[PDB]
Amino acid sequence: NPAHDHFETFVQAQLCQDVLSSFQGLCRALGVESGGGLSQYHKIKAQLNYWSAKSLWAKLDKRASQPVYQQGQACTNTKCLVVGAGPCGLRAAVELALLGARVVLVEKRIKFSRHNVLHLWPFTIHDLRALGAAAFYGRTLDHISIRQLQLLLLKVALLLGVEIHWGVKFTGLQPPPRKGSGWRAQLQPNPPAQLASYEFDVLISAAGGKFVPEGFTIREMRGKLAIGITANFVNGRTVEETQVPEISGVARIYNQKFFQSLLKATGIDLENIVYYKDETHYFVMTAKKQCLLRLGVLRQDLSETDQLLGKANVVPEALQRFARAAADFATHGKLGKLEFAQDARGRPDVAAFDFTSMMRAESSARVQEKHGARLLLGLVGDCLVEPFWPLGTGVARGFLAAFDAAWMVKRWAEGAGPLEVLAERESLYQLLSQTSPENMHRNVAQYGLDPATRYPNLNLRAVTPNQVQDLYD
């Protein structure tokens, strides 16, 4: 059955292009238009009540029917543009969809190429499971690679009728030229008329570490130099490979004299290491600069980290030897001969990163108004709070920011004043950089958009309308 086959292909799909073609073939076969909101979702499921698909819709329905969404009517007025199909962009898109809003998302890339592996807090694991994650991804389960989290959330966003455009870069805004017009987006390359003319009152920016819209202030604090190295090796799925335990973190304190043993044998002095067994064997480690220079990884000692870890300063062969030697030792050689996975552009998949300079945006939202047309803008994900990767806070905190932005859009749609919406968002924002599974609500099954289910003794007035006046205009 060819609607069934397209749906089956869509579910099982493992390349961004393959998700898109099978989903389009599904829409064609069922006579529906993609990007058609919750109505699309209802029409698709009504045609696919066939048992195999049944538990998928039962989970998505159970989510959609949560009181907070008002059955897809809360934001039925609202038209959003989401920048970025990273995990946190798709996740915010899905919450916006379930609220009833029209949602268009633009992504500069045309594939999901990142293999690095991300740690998941308990709440996010339940969150994903609750979204049909088991039907979408066959494959311990406390971590997930970037691209598989993207494929999963892409298929959810698509079913829920989010309209997504690829190989399009958000470059800023076209303000209302006068009374009666809305906000539009500047886009590269020169967009088709459909996107050129799309007007929205909500912009959610989830463009990652290196982009926020004009008007946002970012805070950069630079601490003690830390240099991170990530590597992905091919994971054949040999029984032997499968039996090698993961290494949850190690470090000084923690699980220490391991680093004693590593240095002798190898000459590698590390601050931390982590091994995740996933689609690849992934390692992340923090290495002393002295040590990277001593072992030929960095070719000289530059004071500016962005130069220190630049292409010109990093030696590919030395970097590869270092990471393989470290990975082999941590695993006691039981992974066999390690082969580097071959990377977004065909290179061996190892790299060095600035683990030191940690941005935090000054606000999570702003409002811009012109000729009587208001635009609400919200940041979500790495562009709001940059994560320190070995501590595993990226997904968790990007997802919380996505719920908190969606809650704010709910409020916006309900008619609260811009200052009221902004002050309440910013009271939530004050908690973000200290959140932990320990200081949040413990029953993660009951987490939903309403922040009271997520943050205990919540204070939505921590920030006042006057404290946010400079965020409005």
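For every residue, the number given is its place in the sequence shown, counted from 1.
Missing deposited residues between residue 139 and residue 140: 4 to 9, all without coordinates in the entry. Taking the mean C-alpha B-factor of each stretch as recorded, 306-314 and 342-350 are not equal, and the higher mean is that of 342-350. A summary of the deposited B-factors shows that, of 244-252 and 124-132, the stretch with the larger mean C-alpha value is 244-252. Taking only the listed residues 114, 288, 108, 374, the entry reports the highest CA temperature factor at 288.
Of the candidates 96, 402, 359, 82, the PDB record gives 359 the highest C-alpha temperature factor. In this PDB entry, residue 163 carries a Cα temperature factor that places it within the lowest third of its chain's modelled residues. Residue 53: CA B factor in the highest third of modelled residues in this chain (values from the PDB entry).
For residue 438, the recorded CA temperature factor ranks within the highest third of the chain's modelled residues. Sort the modelled residues of the chain by CA B factor and residue 233 lands in the middle third. In the PDB entry, a CA B factor belonging to the highest third of its chain's modelled residues is recorded for residue 446.
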